[PDB]
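Encoded as C-alpha cells, the structure appears first; notes follow it.
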Amino acid sequence: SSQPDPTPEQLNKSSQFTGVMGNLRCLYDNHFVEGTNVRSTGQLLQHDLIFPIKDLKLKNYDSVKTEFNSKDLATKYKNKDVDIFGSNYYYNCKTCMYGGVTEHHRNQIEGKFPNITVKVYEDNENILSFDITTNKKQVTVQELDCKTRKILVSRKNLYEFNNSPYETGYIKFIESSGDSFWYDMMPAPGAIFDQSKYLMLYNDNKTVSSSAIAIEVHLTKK
Amino acid sequence: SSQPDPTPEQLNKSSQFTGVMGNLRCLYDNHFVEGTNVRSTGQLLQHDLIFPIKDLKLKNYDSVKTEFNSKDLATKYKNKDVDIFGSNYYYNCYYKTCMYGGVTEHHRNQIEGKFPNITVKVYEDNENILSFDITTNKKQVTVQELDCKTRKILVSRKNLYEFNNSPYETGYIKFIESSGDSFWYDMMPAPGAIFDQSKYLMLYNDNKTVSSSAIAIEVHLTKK
C-alpha cells in the first residue's frame with residue numbers, strides 16, 4: 001500500500017553530519033544524466049545495464065552504468081529503447097547511477113507538459129509552492145526528485161557547501177490513490193558521505209504517472 | 001490478380017532506420033492536400049499535372065503538382081474536373097508542392113446520403129486488438145486517401161510513428177477488394193539514416209482507386 005510518514009526520530013539530522021554537505025549538493029544542484037531513445041550496449045553484472053550516453057556538456061563520461069535492485073528490472077530494459085534521467089556519481093566507478101530508466105516508445109508527451117506541484121513546508125507551514133515538469137507520461141520518481149531538489153538548492157539553500165539551514169528534511173510523493181512514500185533528504189550522521197550509497201535509494205526504478213502525482217517537501221528549521 | 005502477402009523478411013525494420021521518423025510522421029499526422037472540382041492549369045512533363053490548389057489553412061502553397069507512373073494517367077485527367085486528395089512534400093519539387101496520384105473524376109463520383117463505413121482491422125503480432133472506421137465522400141476513392149486517413153488515426157491512437165523512431169518493428173497496410181484481390185504497402189522506412197519523402201510517396205503514383213463501399217483494410221504490425 002503506502003509508507004507511514006516519518007517520525008521526527010526517523011529522520012537524519014544534518015547537524016549530526018560533519019562532512020562537506022557540498023558532496024550531496026553536487027548531486028542535485030546541477031545537470032543530470034539524460035538520454036533519449038537509447039539502447040544498452042552491455043552490462044557488467046545481472047543487476048545493471050550500460051548505455052552509450054556521452055557527455056556533450058562537460059565531457060565527463062562516454063557512457064553510463066545504471067544499477068537496479070533486481071535482475072528482472074535489468075532484463076526488462078535490456079533490449080528496449082529507453083529514456084534515462086538521474087543523478088550520477090564517479091566515486092565508486094564512466095559514471096554510474098541507479099534506476100532512472102523508462103521505456104521511450106508510447107511514453108512521449110504531446111502538447112502541454114503536466115504541471116506537477118511541489119508544496120514546501122517549514123516546520124509544518126506551507127511556506128512555498130512551485131511546479132516542475134516532465135516530457136514523460138510515466139516518469140521515474142528519481143527525475144521528479146532531482147528536479148525538485150535542484151530548485152530547493154537554488155531557492156532555499158537546501159544544501160550548502162558546509163551543511164544545511166534545515167535540521168531534517170524529507171520529500172513525499174503521493175499518487176492518485178492516496179498511496180505515498182518519502183525519501184530522507186539529509187545525510188547519515190558522521191563525517192563521511194557515500195554518494196554511491198545514498199543514490200541507491202533510486203535503484204527500484206520507481207515510476208509514477210506525471211499527470212497524477214503530488215509532491216510535498218517537509219523541512220525543519222535550525 | 002493480387003499481391004502475395006509479405007513475408008517477415010520482405011518488410012522494412014524500423015529499428016534499422018536511424019534517421020528522424022518524424023519526417024515520415026509529418027506526411028500522415030496533419031492535413032492532406034484536398035481539392036474539389038478543380039481543373040489542371042498546366043504541367044511540366046508528360047506524366048504530371050499542376051492544379052491551382054491553394055493552401056488556405058497554412059498558406060504553404062499556391063498550387064500543387066502531382067505525378068503519375070504513366071503519361072496515359074496524366075492525359076486522362078488533363079482536361080477533366082477532378083477531386084484531389086493526398087500526402088504532399090516539398091523536397092525536390094520544381095515547377096509549391098508536389099505529390100503522386102490522388103486524382104479522381106469529380107462528376108458522378110459524389111456520394112449522396114450516408115457515407116460508406118470502411119472498417120480498418122489492426123493486428124499486433126497477428127492479434128486483432130483494435131478496429132475503427134474511416135469514411136470518404138467518393139464512390140471510387142484513391143487508396144492513397146484511404147491510406148492517409150488510416151495512418152493519421154494510427155499515429156494519433158497507436159503512436160505508429162513517433163518523432164525518433166516507432167513502437168513497431170514492421171508494419172504494412174493491406175487492402176482487399178470484393179473479389180478477394182489484395183495488395184499491401186510497407187509502412188516502415190528503408191534502412192539507413194536518411195528518409196526520402198519524394199521517394200517514399202512514389203508508391204501512390206499508380207493512382208490506384210477502389211470502390212468505397214466494397215473495400216476492407218487490415219493493418220498488420222509487429223511489436224518491439
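FYI, nothing fancy with the C-alpha cells labels: chains A, B, ... in order, residues from 1 per chain, ligands from 1 as they appear.
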Segment 123-125 of chain A surroundings by only C-alpha atoms, 7 Å radius, close-in-sequence under 6 positions cut, as number ranges by chain: A: 219-221
Distance-based interface of chain A with chain B, 8 Å, counting only C-alpha atoms, as a list in words: residues 37, 80, 105 and 106 of chain A
Non-local contacts of segment 154-168 of chain A (7 Å; only C-alpha atoms; under 4 positions in same chain excluded) as a count of residues only: 15
Which residue, B:74, B:155, B:84, B:203, has the smallest gap to residue 22 of chain B when you use only C-alpha atoms?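 That would be B:155, the residue with the smallest distance to residue 22 of chain B.
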Distance query segment 30-39 of chain B at most 6 Å, only C-alpha atoms, self and fewer than 3 positions along chain excluded, as a list in words: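 Here the answer would be residues 81, 82, 83, 84, 85, 86, 87 and 106 of chain B.
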Can I get the selected residues back with N, CA and C atoms, as a short mmCIF file (atom, residue, chain, number, x, y, z; two decimals), in the first residue's frame?
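Written file, out.cif:
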data_model
loop_
_atom_site.label_atom_id
_atom_site.label_comp_id
_atom_site.auth_asym_id
_atom_site.auth_seq_id
_atom_site.Cartn_x
_atom_site.Cartn_y
_atom_site.Cartn_z
N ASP B 81 -12.65 17.77 -64.73
CA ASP B 81 -12.86 18.38 -63.43
C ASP B 81 -12.60 17.21 -62.50
N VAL B 82 -11.68 17.38 -61.56
CA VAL B 82 -11.33 16.29 -60.66
C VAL B 82 -11.27 16.69 -59.19
N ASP B 83 -11.17 15.67 -58.35
CA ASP B 83 -11.03 15.86 -56.92
C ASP B 83 -9.63 15.37 -56.63
N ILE B 84 -8.97 15.97 -55.66
CA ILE B 84 -7.62 15.59 -55.31
C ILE B 84 -7.50 15.38 -53.81
N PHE B 85 -6.80 14.32 -53.43
CA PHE B 85 -6.58 14.01 -52.03
C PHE B 85 -5.28 13.23 -51.89
N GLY B 86 -4.37 13.73 -51.05
CA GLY B 86 -3.11 13.04 -50.86
C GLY B 86 -2.11 13.67 -49.91
N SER B 87 -0.97 13.00 -49.79
CA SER B 87 0.12 13.44 -48.93
C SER B 87 1.14 14.18 -49.79
N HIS B 106 -14.39 14.17 -60.68
CA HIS B 106 -15.36 14.76 -59.76
C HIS B 106 -16.81 14.38 -60.08
#
So how many Å separate atom CA of residue 215 of chain B and atom CA of residue 177 of chain B, to one decimal? 4.9 Å
Quick one: everything within 6 Å of residue 143 of chain A, counting only C-alpha atoms, minus sequence neighbours fewer than 2 positions away in the same chain. Send it as a ChimeraX atom specification. /A:85-86,140-141,145-146
Going by DSSP on the backbone, which residues of segment 8-205 of chain A come out as alpha helix (DSSP H)? List them as number ranges by chain. A: 22-25, 71-77, 141-156, 195-198
Let me see the file: selected residues, N, CA, C and O atoms, as a CSV table (one decimal), in the first residue's frame.
chain,number,residue,atom,x,y,z
A,22,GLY,N,28.5,19.7,0.6
A,22,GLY,CA,28.7,20.0,-0.9
A,22,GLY,C,28.7,18.7,-1.7
A,22,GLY,O,28.5,18.8,-2.9
A,23,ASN,N,29.1,17.6,-1.0
A,23,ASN,CA,29.2,16.4,-1.7
A,23,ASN,C,27.8,15.8,-2.1
A,23,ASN,O,27.7,15.0,-3.0
A,24,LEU,N,26.8,16.2,-1.3
A,24,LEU,CA,25.4,15.8,-1.5
A,24,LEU,C,24.8,16.8,-2.4
A,24,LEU,O,24.0,16.5,-3.3
A,25,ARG,N,25.1,18.1,-2.2
A,25,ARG,CA,24.6,19.2,-3.0
A,25,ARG,C,24.9,19.0,-4.5
A,25,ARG,O,24.1,19.3,-5.4
A,71,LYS,N,17.4,-8.4,-11.0
A,71,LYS,CA,17.8,-8.9,-12.3
A,71,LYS,C,16.7,-8.6,-13.3
A,71,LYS,O,16.9,-8.4,-14.5
A,72,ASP,N,15.5,-8.8,-12.8
A,72,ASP,CA,14.3,-8.6,-13.6
A,72,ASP,C,14.2,-7.2,-14.2
A,72,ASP,O,13.9,-7.1,-15.4
A,73,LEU,N,14.5,-6.2,-13.4
A,73,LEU,CA,14.5,-4.8,-14.0
A,73,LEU,C,15.5,-4.6,-15.1
A,73,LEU,O,15.2,-4.0,-16.1
A,74,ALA,N,16.7,-5.2,-14.9
A,74,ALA,CA,17.7,-5.1,-15.9
A,74,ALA,C,17.3,-5.9,-17.2
A,74,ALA,O,17.6,-5.4,-18.3
A,75,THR,N,16.7,-7.0,-17.0
A,75,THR,CA,16.3,-7.9,-18.1
A,75,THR,C,15.2,-7.2,-19.0
A,75,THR,O,15.1,-7.4,-20.2
A,76,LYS,N,14.4,-6.5,-18.2
A,76,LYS,CA,13.3,-5.8,-18.8
A,76,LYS,C,13.6,-4.7,-19.8
A,76,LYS,O,12.9,-4.6,-20.8
A,77,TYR,N,14.6,-3.9,-19.4
A,77,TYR,CA,15.0,-2.8,-20.3
A,77,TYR,C,16.3,-3.1,-21.1
A,77,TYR,O,16.8,-2.3,-21.9
A,141,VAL,N,10.4,8.5,-10.3
A,141,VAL,CA,10.3,9.4,-9.2
A,141,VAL,C,11.6,10.1,-9.0
A,141,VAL,O,11.7,11.2,-8.6
A,142,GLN,N,12.7,9.4,-9.4
A,142,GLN,CA,14.1,10.0,-9.4
A,142,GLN,C,14.1,11.3,-10.2
A,142,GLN,O,14.6,12.3,-9.7
A,143,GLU,N,13.6,11.3,-11.4
A,143,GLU,CA,13.6,12.5,-12.2
A,143,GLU,C,12.9,13.6,-11.5
A,143,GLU,O,13.3,14.8,-11.6
A,144,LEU,N,11.7,13.3,-10.9
A,144,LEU,CA,10.9,14.3,-10.2
A,144,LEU,C,11.7,14.8,-8.9
A,144,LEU,O,11.7,16.0,-8.6
A,145,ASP,N,12.3,13.9,-8.2
A,145,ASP,CA,13.1,14.2,-7.0
A,145,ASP,C,14.2,15.2,-7.4
A,145,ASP,O,14.4,16.2,-6.8
A,146,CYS,N,15.0,14.7,-8.4
A,146,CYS,CA,16.1,15.5,-8.9
A,146,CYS,C,15.7,17.0,-9.2
A,146,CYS,O,16.4,17.9,-8.8
A,147,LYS,N,14.7,17.1,-10.0
A,147,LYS,CA,14.2,18.4,-10.4
A,147,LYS,C,13.7,19.3,-9.2
A,147,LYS,O,13.9,20.5,-9.2
A,148,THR,N,13.1,18.6,-8.2
A,148,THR,CA,12.6,19.3,-7.1
A,148,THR,C,13.8,19.8,-6.2
A,148,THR,O,13.8,21.0,-5.8
A,149,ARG,N,14.8,18.9,-6.0
A,149,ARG,CA,15.9,19.3,-5.1
A,149,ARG,C,16.7,20.4,-5.8
A,149,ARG,O,17.3,21.2,-5.1
A,150,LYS,N,16.9,20.4,-7.1
A,150,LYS,CA,17.6,21.4,-7.8
A,150,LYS,C,17.1,22.8,-7.5
A,150,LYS,O,17.8,23.7,-7.2
A,151,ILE,N,15.7,22.9,-7.5
A,151,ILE,CA,15.1,24.2,-7.2
A,151,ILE,C,15.2,24.5,-5.7
A,151,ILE,O,15.4,25.7,-5.4
A,152,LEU,N,15.2,23.5,-4.9
A,152,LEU,CA,15.3,23.7,-3.4
A,152,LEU,C,16.7,24.2,-3.1
A,152,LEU,O,16.9,25.0,-2.1
A,153,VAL,N,17.7,23.8,-3.8
A,153,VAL,CA,19.1,24.2,-3.6
A,153,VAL,C,19.2,25.7,-4.1
A,153,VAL,O,19.8,26.5,-3.4
A,154,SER,N,18.7,25.9,-5.3
A,154,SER,CA,18.8,27.2,-5.9
A,154,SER,C,17.9,28.3,-5.2
A,154,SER,O,18.3,29.5,-5.2
A,155,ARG,N,16.8,27.9,-4.6
A,155,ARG,CA,15.9,28.9,-4.0
A,155,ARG,C,15.9,28.9,-2.5
A,155,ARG,O,15.7,29.9,-1.9
A,156,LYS,N,16.1,27.7,-1.9
A,156,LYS,CA,16.1,27.6,-0.4
A,156,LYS,C,17.4,27.1,0.3
A,156,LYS,O,17.3,26.8,1.4
A,195,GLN,N,28.3,8.8,-1.7
A,195,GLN,CA,27.3,9.1,-2.8
A,195,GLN,C,26.7,7.9,-3.4
A,195,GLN,O,25.5,7.8,-3.6
A,196,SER,N,27.6,6.9,-3.7
A,196,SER,CA,27.1,5.6,-4.3
A,196,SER,C,26.2,4.9,-3.4
A,196,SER,O,25.3,4.2,-3.9
A,197,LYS,N,26.3,5.1,-2.1
A,197,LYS,CA,25.4,4.5,-1.1
A,197,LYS,C,24.1,5.3,-1.0
A,197,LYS,O,23.0,4.7,-0.9
A,198,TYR,N,24.2,6.6,-1.0
A,198,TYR,CA,23.0,7.4,-0.9
A,198,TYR,C,22.0,7.3,-2.1
A,198,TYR,O,20.8,7.1,-1.9
My list of candidates is A:99, A:200, A:88, A:2. Which is closest to residue 49 of chain A when distances are computed with only C-alpha atoms?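 Closest residue, counting only C-alpha atoms: A:99.
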Contacts of residue 138 of chain B at 12 Å or less, counting only C-alpha atoms, minus same-chain residues fewer than 3 places along, as a VMD selection string? chain B and resid 36 82 to 85 103 to 117 135 141 to 143 145 to 146 209 to 213
How would the residues just picked look written out with C-alpha atoms as an mmCIF file, in the first residue's frame?
data_model
loop_
_atom_site.group_PDB
_atom_site.id
_atom_site.type_symbol
_atom_site.label_atom_id
_atom_site.label_comp_id
_atom_site.auth_asym_id
_atom_site.auth_seq_id
_atom_site.Cartn_x
_atom_site.Cartn_y
_atom_site.Cartn_z
ATOM 1 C CA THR B 36 -12.802 19.778 -55.084
ATOM 2 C CA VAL B 82 -11.330 16.291 -60.659
ATOM 3 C CA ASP B 83 -11.035 15.862 -56.916
ATOM 4 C CA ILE B 84 -7.619 15.593 -55.308
ATOM 5 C CA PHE B 85 -6.578 14.009 -52.026
ATOM 6 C CA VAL B 103 -6.819 12.169 -58.576
ATOM 7 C CA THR B 104 -10.387 11.020 -59.198
ATOM 8 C CA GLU B 105 -13.004 12.382 -61.575
ATOM 9 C CA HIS B 106 -15.358 14.764 -59.763
ATOM 10 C CA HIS B 107 -18.564 14.249 -61.756
ATOM 11 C CA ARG B 108 -20.738 11.178 -60.985
ATOM 12 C CA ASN B 109 -18.432 10.320 -58.111
ATOM 13 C CA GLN B 110 -20.043 12.376 -55.356
ATOM 14 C CA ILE B 111 -21.758 10.336 -52.659
ATOM 15 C CA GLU B 112 -25.264 11.383 -51.671
ATOM 16 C CA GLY B 113 -26.627 10.488 -48.269
ATOM 17 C CA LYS B 114 -24.758 8.297 -45.788
ATOM 18 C CA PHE B 115 -21.033 7.964 -46.460
ATOM 19 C CA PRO B 116 -19.645 4.410 -46.519
ATOM 20 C CA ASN B 117 -18.059 2.991 -43.393
ATOM 21 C CA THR B 135 -15.076 7.247 -44.493
ATOM 22 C CA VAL B 141 -11.721 6.672 -53.980
ATOM 23 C CA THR B 142 -7.973 6.529 -54.282
ATOM 24 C CA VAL B 143 -6.229 4.096 -51.974
ATOM 25 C CA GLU B 145 -6.842 8.779 -49.489
ATOM 26 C CA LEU B 146 -7.800 5.672 -47.528
ATOM 27 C CA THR B 209 -8.642 3.605 -56.829
ATOM 28 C CA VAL B 210 -11.243 1.265 -55.367
ATOM 29 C CA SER B 211 -14.955 1.249 -54.563
ATOM 30 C CA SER B 212 -15.518 2.936 -51.197
ATOM 31 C CA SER B 213 -18.425 0.597 -50.493
#
